[PDB]
Amino acid sequence: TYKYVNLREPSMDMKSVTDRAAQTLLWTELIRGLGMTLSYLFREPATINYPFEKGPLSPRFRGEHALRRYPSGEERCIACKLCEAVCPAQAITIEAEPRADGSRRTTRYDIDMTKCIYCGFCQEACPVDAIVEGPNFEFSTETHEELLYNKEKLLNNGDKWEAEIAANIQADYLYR
Amino acid sequence: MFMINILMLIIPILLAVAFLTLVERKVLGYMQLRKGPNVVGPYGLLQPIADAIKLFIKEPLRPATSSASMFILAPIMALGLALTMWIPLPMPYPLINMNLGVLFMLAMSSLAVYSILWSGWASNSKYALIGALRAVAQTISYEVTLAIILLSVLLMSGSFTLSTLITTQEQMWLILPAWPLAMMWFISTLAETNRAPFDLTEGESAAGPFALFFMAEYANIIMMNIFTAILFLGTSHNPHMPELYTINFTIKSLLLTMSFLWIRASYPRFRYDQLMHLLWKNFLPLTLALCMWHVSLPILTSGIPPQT
Amino acid sequence: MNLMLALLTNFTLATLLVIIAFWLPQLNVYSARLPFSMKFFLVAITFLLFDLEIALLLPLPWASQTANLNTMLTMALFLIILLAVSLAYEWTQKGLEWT
Amino acid sequence: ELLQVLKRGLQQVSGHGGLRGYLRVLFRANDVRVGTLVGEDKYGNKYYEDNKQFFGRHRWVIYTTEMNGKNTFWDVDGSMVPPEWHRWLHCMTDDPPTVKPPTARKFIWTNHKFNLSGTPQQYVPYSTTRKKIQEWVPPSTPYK
Amino acid sequence: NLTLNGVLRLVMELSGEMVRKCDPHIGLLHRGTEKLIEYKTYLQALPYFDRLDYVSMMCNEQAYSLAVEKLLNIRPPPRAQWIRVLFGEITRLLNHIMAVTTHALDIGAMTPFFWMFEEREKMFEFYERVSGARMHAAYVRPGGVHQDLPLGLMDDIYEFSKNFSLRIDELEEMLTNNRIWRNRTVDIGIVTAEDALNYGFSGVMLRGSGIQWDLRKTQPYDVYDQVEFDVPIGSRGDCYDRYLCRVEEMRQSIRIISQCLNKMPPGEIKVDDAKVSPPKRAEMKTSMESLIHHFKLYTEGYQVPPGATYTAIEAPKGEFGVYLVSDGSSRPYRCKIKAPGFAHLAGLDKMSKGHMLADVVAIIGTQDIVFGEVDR
Amino acid sequence: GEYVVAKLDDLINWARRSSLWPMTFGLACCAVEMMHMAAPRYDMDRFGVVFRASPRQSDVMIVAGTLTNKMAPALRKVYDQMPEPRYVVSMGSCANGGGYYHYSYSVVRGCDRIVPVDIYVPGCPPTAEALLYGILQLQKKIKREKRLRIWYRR
Amino acid sequence: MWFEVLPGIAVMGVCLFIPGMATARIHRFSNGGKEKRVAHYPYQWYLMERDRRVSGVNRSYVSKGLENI
Ligand SMILES: CCCCCCCCCCCCCCCCCC(=O)OC[C@H](COP(=O)(O)OCCN)OC(=O)CCCCCCCCCCCCCCCCC
Ligand SMILES: CCCCCCCCCCCCO[C@@H]1O[C@H](CO)[C@@H](O[C@H]2O[C@H](CO)[C@@H](O)[C@H](O)[C@H]2O)[C@H](O)[C@H]1O
Ligand SMILES: N=C(N)NC(=N)NCCc1ccc(I)c(Cl)c1
Ligand code: SF4
Ligand code: SF4
Ligand code: SF4
């Protein structure tokens, strides 16, 4: 099924020809355009008062990464390297060894935040909810080096943001 | 005393231009469902001061010019001529009462194109000289209808004295007998000042020098709209309460100036050849026919105005 | 004197603003034929010739005071018609085209 | 109706505690609306709501004038909002931490920090692994 | 003849005002996407498609997903298909808003851009709510979609849809009958029906010239055969008719979105085949088979039977397709991306003959060129 | 005397951060989100950040998208024509460090190989709000500048 | 809201009101509280120069009535 957008024959009766002449000389359709912009002048603007007001977001939002813990404080990450394998940008670098107590843990967990595409595949791939993309999006820096996160930085992000991260996971895990 | 009077005209013009930039940004903002400047000072009231200071401490990075003399000359001519356009304006009394004030403004406005031409020479760039010549062609073309339209209106007024336009409109605005002329006049002023939808210099295409060209151009915008108000929306003058004239006259000028912003927000831009056709093939034929009509009309109605 | 004072002030102030614009503490220690259409030349010449006819028309507000109104109106309309005729000539001769 | 509009304007001066408090929020936040106080965090940020405003303007924060020893009277920052209120302010949830407080953990930061880029507390990356290859150390005594 | 000299480098020959030759120099956004994809698993390569026509993100995702599903010999579940058509048409609204209003803004009409980008912002919220990203959602995947719609999303899509046609009307009030807009677009860039076909045009570049062709009708995919809508057809093959077709396509997109909301079925959102689509997280953490399959899908990825396919959809800018070659492993052997703008921009020189410099801006606008897909 | 120099720094710093006129290289995806920063919801113009400025009246270059080797010389030329003071904001992973095309033969691995960078906005793309946060962070950086204080102490 | 555009409009309006107000009041100050005489034609200039002589103080705006007859 199709329709024509612009297949119409103007009427040539004198009343219609004069209607088009008045439009040409009196600029009526240009005046009509002025009315539309005028009506906007008196509409409430859509602007919000950032940073005192924030654009709405959902619990699924993919922001700054963080490494999480169990309630006891033990790290959730077990150095399985599934995040590193799936990472589309190879932004994750991991090294691991047995911890002093024999636990399977990482000794390096880096995310190059300037390679990362913030795709969330790492947190999908993680079997223990260790690596997540948190809700923070306000972490711009003055130097490139500050965006090369190591494990200490990522653990600190998890301790900094866990209160919000846990609630967001609580609201969305039944969709996963 | 006269020196005080000159300064009480020059300085308020520069401040009016500075805050026109704020008003344009905020008026355009609200027609675009946004706010425009509202952080730098309350309701953006310090935004023009911030812009002015910023522009004047910016690096005056000019690449080598063809000629230093014309590089300085172009903005001096632009700003000097712009301030000169204001001295015969009756508001209700003029700084200088000229018997031929209307002819004086036409003469001074015809020199404004030199600043454009000299900028092209001083740019030391082939491509910038072509843009300057395209701008000159647009300007002089629309000078033709502005002159003829003004002549037609003066045939109902009787003289080149600007203050006589006040007397002519004591009973009635000239927009009523001359709304066909006012229409073409108003569009011609937009094309004359390179205002949208005629802002082809910007479409086709620093520091203090840039700020000075900008100030001169925005002073011309306000002045053209003051002249439109005087020419077509005559304010009644009470000699014992001149401030009443000034209040009403100013309001009309602000609304006319704000309509320039309104029109900018509403329309796309003309193609260069299409605005040349708008004048040579549309405005000029009507302007010539209406000039003939307005020569004949006072005679056939026995409505010739007094010569003084 | 008043007008000369006005003109001097306007252009003197313009000169001052332009020079202070060019000067400020920066705190730093370290002839031929343009490839341009003949049409644009023809716009300028056309403007010039029309501008000369507008000069002849400017006296019209004063001329309307004459007692020889019959002659005045005939010559006023004559000048405008011939101005219209030259516009018609340019138009038909493709002189107002850009292609 | 114009008169009613003006009285609403005047009620904003009183709703903000007088002329000085009205001017403080006008110059600090460029906004003089009066909303319902939803709560306050330990850093002094105040959180407001007005559900008659359109979505996005119905919740806002008036930042504290001092946080972690930093004068923030004029220098406010979106990173100053602690995570518990971050969820509410961005409309990731409906109810504030005063109504549904976050689950407490011993390792969670008790003191929120804002963006520290450009200060002596900025993050500096480094390798977290130990040296891999151990060099042979020659004997201290002579014997050639 | 004076010679002048995403981002584009146009080398033009002008005789006065007339364009005598137009030689686009592209590659300023060439990022070797097709080579990069050869080092990725099929899932790992999906986010590259968001970044091609980066205004029509989930339509690129759909094209890639359909191609992989074809080689896999599987099909996504019906609810995933309805979501994919729903967000395909929302994406067409996102593209057409960008195409029309930036086309308008480029020639001086700057105000519609601001009104309609508040609408774009609200549609960015729909992407963020299903996927957590405002743009590069990576939401549509081989096998279906990543996650089910959150509760309350469809209600908000209804609220947005209920008011949108009025926004289109306000746009038309500003442009459709404006004599300046018509002067800039009518009889500009006329392309004949036979030239459009031989030059490899697609989409509105074809329909503007009267050719009755739309892949959603002639070669339907997902559940497009189950929704009703009209194909706008031009009569003059110029910029103004292509502008009208795009505006009318936005109206038909709202028409399709209305049916998708009402006809959304229940059920799962990705194919119930854990050798292709990963199991649910709860299953991954309880069932041995599910954990194995989760482990292998997120490391090696699924293997795709050897073969080649050219698969195309009706993307907002025209026919968008992939020639995808599988060698039997879990990484594609070759992925050629057919961008509709590649052929369209190749015809700028033909379209701009006999026009003036300022018309070249209009013709580039009517083609709808994003250099992410042109350069890849 | 040092009191005078401190207040002139405040004045010129206030003027420069209150009137930031950006030039955007809309190279790719990230250009879309800067358009949304100009759009009504965030309205960058309300901060004094004009929507579009010519390179020669610009104060800050925003590199919004992937910088290829073919484009890198053109970007450097535009930076070299910016009047001073001038700042560079790198927006998005591609401009920050190459991002998803980091290992490509045709991509510059971060625009900081070509120009100096003042602010790095992370994200692929950063949200319009994240970009606005970076712009406001650049304003605070300008507020810290002490050009006259240091000049007076040479 | 749109009425936040008014403060900038008010400032510009005040700026454009000063020239007309200043000129009118400076004229009254300089012409004995009256309108400045307009002399566009030689006849009006001749009377203005005659007024200067009659005034007795060399100011054309100082008027002499029947008291001087
Ligand atoms: C008793 C008998 C008495 C005898 C005298 C009778 C005289 C009355 C009859 C004469 C009426 C004529 C009206 C004169 C106005 C000029 C008309 C005109 O020129 O319109 C044509 C022009 C081009 O029109 P176009 O569609 O391109 O086609 C024509 C060429 N093919 O169209 C244009 O000019 C378009 C302009 C484009 C710019 C648009 C921006 C302005 C829009 C808002 C303007 C609002 C009006 C301002 C009012 C003045 C304010 C002071
Ligand atoms: C409207 C009245 C305003 C009155 C305000 C008076 C304040 C006077 C103090 C001016 C301080 C200017 O500060 C200085 O400005 C110039 C503008 O090019 C900048 O630029 C200058 O330094 C840079 C290097 O640093 C050079 O490459 C450049 O060629 C030079 O112009 C400086 O980087 C900035 O430090
Ligand atoms: N054109 C606008 N309306 N503003 C704008 N976007 N740029 C111009 C801003 C400007 C220029 C010169 C001066 I002096 C001042 Cl005070 C302000
Ligand atoms: S978000 Fe995507 S690109 Fe970034 S680290 Fe995780 S998997 Fe890699
Ligand atoms: S973060 Fe998760 S997926 Fe990555 S290595 Fe640790 S446990 Fe494995
Ligand atoms: S950083 Fe992300 S959104 Fe920006 S250009 Fe690169 S791929 Fe596109």
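Structure determination for the deposited model, as stated in its record, used cryo-EM, and the stated resolution is 2.3 Å.

The PDB entry lists chain G under the name NADH dehydrogenase [ubiquinone] 1 alpha subcomplex subunit 1, from Bos taurus. Comment text from UniProt for chain G, heading Function, reads "Accessory subunit of the mitochondrial membrane respiratory chain NADH dehydrogenase (Complex I), that is believed not to be involved in catalysis. Complex I functions in the transfer of electrons from NADH to the respiratory chain. The immediate electron acceptor for the enzyme is believed to be ubiquinone." Annotation of chain G in UniProt includes, under Sequence similarities, the sentence "Belongs to the complex I NDUFA1 subunit family."

Chain D has the name NADH dehydrogenase [ubiquinone] 1 alpha subcomplex subunit 12 in the PDB entry, where Bos taurus is given as its organism. The UniProt entry for chain D carries the following comment under Subcellular location: "Mitochondrion inner membrane". Regarding chain D, the UniProt comment filed under Sequence similarities reads as follows: "Belongs to the complex I NDUFA12 subunit family."

A. Inspection of the packing of helix α4 (residues 78–106) of chain E against helix α6 (residues 153–175) of chain E at higher detail. Residues and elements named next belong to chain E. Contact pair α4 / α6: the axes reach a minimum separation of 13 Å and the direction vectors enclose 25°. Between α4 and α6, the angle falls in the class roughly parallel. Between α4 and α6 the crossing geometry is left-handed. Listed contacts from α6 to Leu86, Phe87, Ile90, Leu93, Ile97, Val100, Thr101 and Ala104 of α4 are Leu153, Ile157, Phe160, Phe164, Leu171 and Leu175. Residue classes in the contact of α4 with α6 are distributed as 13 nonpolar, one polar and no charged.

B. Looking closely at the pairing of strand β3 (residues 92–98) of chain A. Residues and elements named next belong to chain A. For β3 and strand β4 (residues 104–112), the ladder comprises seven bridges, and the chain directions are antiparallel. If you follow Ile94 over to β4, its bridge partner there is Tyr109. The antiparallel hairpin formed by β3 and β4 contains five residues in its connecting segment, where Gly102 sits at a positive phi of about 85°.

C. Here's a closer look at the arrangement of the chains. A comparison of contact numbers over the 15 pairs of chains in contact places chains B and C at the top. Chain G makes no contact with chain E, the minimum C-alpha separation between the two being 16 Å. At no point do chain F and chain G touch; the closest pair of C-alpha atoms across them sits 12 Å apart.

D. Looking closely at the packing of helix α1 (residues 2–18) of chain F against helix α5 (residues 128–143) of chain F. Residues and elements named next belong to chain F. Remark: α1 packs on α5, axes separated minimally by 9 Å, with the N-to-C direction vectors making an angle of 165°. Here α1 lies roughly antiparallel to α5, going by the angle between them. Relative to α5, the crossing made by α1 is right-handed. Across the interface between the two elements, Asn13, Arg16 and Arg17 of α1 pack against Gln139, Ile142 and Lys143 of α5. Partitioned by chemical class, the residues of the contact of α1 with α5 number one nonpolar, two polar and three charged.

E. Layout of the nonpolar core. In terms of nonpolar packing, the biggest core is built from 359 residues, with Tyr109(A), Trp86(B) and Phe87(E) touching the most fellow members. With 17 residues, the top contributor of residues to this core is helix α1 (residues 2–31) of chain B. Dropping the residues within four chain positions of it, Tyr109(A) is found in contact with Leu67(A), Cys77(A), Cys83(A), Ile92(A), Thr93(A), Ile94(A), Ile131(A), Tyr149(A), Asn150(A), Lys151(A) and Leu154(A). Grouped together as the second largest cluster of nonpolar side chains are 22 residues, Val25(D), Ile62(D), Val76(D) and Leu89(D) included.

F. Quick look at the packing of aromatic side chains. For the structure on display, the rule yields 46 aromatic pairs over all chains. Centre to centre, the rings of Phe160(B) and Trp62(C) are 5.1 Å apart; their planes meet at 75°, and the pair counts as edge-to-face. With one member in each of two chains, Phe160(B) in the loop between α5 (126–157) and α6 (164–168) and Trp62(C) in helix α3 (residues 60–63) form a pair that bridges those chains. Geometrically, the ring pair formed by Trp2(G) and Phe3(G) is edge-to-face, given 5.8 Å between the ring centres and 75° between the ring planes. What makes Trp2(G) partly exposed here is its relative accessible area of 33%. An aromatic cluster is present here, built from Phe210(B), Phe214(B), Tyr218(B) and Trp21(F) joined pairwise through their rings. The ring centre of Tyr149(A) lies 5.2 Å from the NZ or CZ of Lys153(A), which sits over that ring.

G. Highlighting the side chain of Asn168(A). Mapped onto the secondary structure, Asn168(A) falls in helix α5 (residues 151–172). Judged by its relative accessible area of 6%, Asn168(A) falls in the buried class. Filtering out sequence-adjacent residues up to four positions away, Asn168(A) remains in contact with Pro59(A), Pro135(A), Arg87(D) and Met92(D).

H. Region of the structure containing the UniProt feature "transmembrane region" in chain G. Following the UniProt record, the feature "transmembrane region" maps to residues 1–21 of chain G here. Helix makes up 76% of residues 1–21 of chain G and strand 0%. Its end C-alpha atoms lie 32 Å apart.

I. How the structure looks around the environment of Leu71(E). Residue and element names in this part refer to chain E. Residue position: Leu71 is located in helix α3 (residues 57–72). Between the C-alpha atoms of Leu71 and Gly307, which are 236 residues apart in sequence, the distance is 6.9 Å. When residues no more than four places from it in sequence are discounted, the contact partners of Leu71 are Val304, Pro305, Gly307, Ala308, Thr309, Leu324 and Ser326.

Criteria and thresholds
- Residues numbered from 1 in each chain as written, not as in the entry; some residues may be left out.
- Chains lettered and ligands numbered in written order.
- Part of a larger assembly, values for the part shown.
- Heavy atoms only, no water.
- UniProt positions renumbered as here; feature names shortened; annotations may be inferred.
- Axes fitted to C-alpha atoms, helices over the stretch in contact; angles between N-to-C directions.
- Helix = DSSP H or I, 4+ residues; strand = E, 2+ residues; numbered from the N terminus.
- Parallel < 35°, antiparallel > 145°, perpendicular 65-115°, else oblique.
- Left-handed = near helix turned anticlockwise from the far one by under 90°.
- Contact = heavy atoms within 4.5 Å.
- Nonpolar A, V, L, I, M, F, W, Y, C, P; charged D, E, K, R; others polar.
- Pairing = 2+ DSSP bridges.
- Core = buried A, V, L, I, M, F, W, Y, C linked by side-chain atoms within 4.5 Å.
- Buried < 20%, exposed > 50% of the residue type's maximum accessible area, 1.4 Å probe, protein only.
- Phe/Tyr/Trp six-rings, centres within 6.5 Å; stacked < 30°, edge-to-face > 60°.
- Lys NZ or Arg CZ within 6 Å of the ring centre and 35° of its normal.

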